[PDB]
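Heads up: the structure comes next, in structure tokens.
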Ligand SMILES: OC[C@H]1CNC[C@@H](O)[C@@H]1O[C@@H]1O[C@H](CO)[C@@H](O[C@@H]2O[C@H](CO)[C@@H](O)[C@H](O)[C@H]2O)[C@H](O)[C@H]1O
Ligand SMILES: OC[C@H]1O[C@@H](O[C@H]2[C@H](O)[C@@H](O)[C@H](O)O[C@@H]2CO)[C@H](O)[C@@H](O)[C@@H]1O
Ligand SMILES: [Ca+2]
Ligand SMILES: [Zn+2]
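Numbering (this note's numbering), first residue to last: 133 to 662.
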């Protein structure tokens, strides 16, 4: 914990809420000054519990770089019209930096450029059958491409495009690595993953392979193009087939006015996947022998079927689908945004379907439960010193995604008549926390803030002779379970929010992932929208 001011190290929006935190004993006066030193705003800090005091300077609407002064402490804060444009663009460009089997030229990628990687055909596990499944994204700090988390990353980007297209219009991805005519930014980026996902479906049965990876993780010091181990397609899985179905049905809708051929192809692929679901058992995935890469296992598969059923309901607008959706909507499944518990994606597709196609009575029950869920998140946020909807027990592996998915839920609900008053405050607080407003004063995104992430568990950043890591990567964040050797040795006994270390070997607190950037893209685009 540093002895300083804790604030949003990226900046504050002219019209947004503006807050800073300090560990203090009592209220103190504070001032905001122009770079010369003249006071422009003054106020008194107020208690928020657990050693914390806050200062609110929301009413300062003049853009600029200000010196915030409290006690003997100083901080430089930025107020701007589009304070989050650069970070949103870097968070979206991260997916292009993760591209597999694609030359990333220096004019686009800069020092983090590299040649086409993993270009060989993959072998179907337990067969001699080879299959070409290039493209898409390296999942995270490793090079595997896993279907289940890929579905979440795609759905989050499609949702961000559906909700906030104007915010997204101001950002530029690695445009020259993508096919022309160029689509809106989130759609152009997500199409690379959608194209790869289509190659993961077995033409014979409609089933989808769980993942394509090397048999084991290569050393942390491996460049993408030096990873020459043979590629293996792990068996078809129910979770993969169901999450693929839902992501493809969602992409068929969203791409309809932009890429008709892709849209039609995704719609056909989603239906064949749904036919596979109806003919096979809900069997959890487990790594086969000799496969040591990310398992993405899950014993509960009704939420995946719920999402797949609701996605096709909205895709077709056919009331026939509501017969399967509605009983699944009644289950005591957690209503979350993945990667393992995905029911809220289905709830959203259901609630976004024209009313005439669904039971009004079920629809009202669905909306009421969503409001109760958001009230419970609002209560967590009210008791948190940083105003984020988190409890100490939520600081697990990928706790930043847990936070962002929760902010995302409030924002999504606004599109379906569920208007919680805390929605915008929660989104701002999630961004503030992600950008430094936390007990470690840590900005959880590489290349941004005054205390950026410098040593992520990310093979390209470790392996290159740059690190100085690839920018715009959201790290997993604090995980109280100490799920790596560095966390066990250096973070024992520390509070849940302090269970993070910016060390390359801390994969349980400091890895990056396509499905950790995807809710951040949604949340940051929502704030930029306003
Ligand atoms: O670390 C990011 C990913 C890097 N690519 C390999 C993937 O396998 C890895 O995924 C992560 O894999 C972890 C190790 O299996 C998953 O961690 C688990 O996260 C769970 C909650 O998401 C915790 O309950 C559980 O204690 C913890 O083990 C975590 O969610 C999930 O993001
Ligand atoms: O737990 C999965 C985690 O593993 C990381 O690879 C580790 C590997 O598990 C360990 O056995 C070996 O000694 O070290 C490597 C590199 O630290 C992998 O890089 C992560 O993507 C993954 O989440
Ligand atoms: Ca599940
Ligand atoms: Zn690759």
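Note that the Cβ used here is the ideal one computed from N, Cα and C, for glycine as well.
The beta carbon of residue 490 sits no closer than 7 Å to any heavy atom of ligand 3. Going by DSSP, residue 173 is part of the beta strand (DSSP E) stretching over 171-176.
For residue 613, the Cβ stays outside the 7 Å cut-off from all heavy atoms of ligand 4. For the options 624, 662 and 476, the alpha carbon positioned closest to that of residue 557 is the one of 662.
In terms of Cβ geometry, residue 482 and residue 442 form a close pair [threshold 8 Å]. The residues 485, 486 and 489, in chain order, have a CB closer than 8 Å to that of residue 449 in the same chain once the five nearest residues on each side in sequence are set aside. For residue 229, the shortest C-beta to heavy atom distance toward ligand 1 is 7 Å or greater. Boundaries cannot be given for residue 567, as no beta strand (DSSP E) includes it and DSSP labels it neither H nor E. DSSP places residue 255 in the strand class (E or B) of the three-state scheme. The C-beta separation of residue 499 from residue 550 comes to about 6 Å, placing the pair in contact by the 8 Å criterion. Between ligand 2 and the CB of residue 226, the shortest heavy atom gap is not smaller than 7 Å. Counting only runs that start and end inside the segment 568-599, the alpha helix (DSSP H) elements of at least 4 residues fall at 591-595. For residue 589, the shortest C-beta to heavy atom distance toward ligand 2 is below 7 Å. With 16 or more other CB atoms across the displayed protein chains lying within 10 angstroms of its CB, residue 354 is buried. Each residue's CA atom was taken as its position, placing residue 319 and residue 174 some 44 Å apart.
In the same chain as residue 472, and ignoring 5 residues on each side of it, the C-beta atoms closer than 6 Å to its own belong to 430, in chain order.
Residue 232 is positioned such that its CB atom lies closer than 8 Å to that of residue 249. In this structure, the alpha-carbon of residue 359 lies about 30 Å from that of residue 219. Taking a contact as a CB-CB distance under 8 Å, the pair residue 447 and residue 381 counts as one, their CB atoms being some 4 Å apart. Per the DSSP secondary-structure output, residue 643 pairs in a beta bridge with 589. Apart from sequence neighbours up to five positions away, the residues of its chain that approach residue 330 with a beta-carbon distance below 7 Å are 397 and 401, ordered along the chain. In this structure, residue 257 lies near residue 366, with their beta-carbon atoms less than 8 Å apart. Here the C-alpha atom of residue 314 lies approximately 35 Å from the C-alpha atom of residue 349. By a beta-carbon distance limit of 8 Å, residue 586 does not contact residue 571. Their separation comes to about 19 Å.
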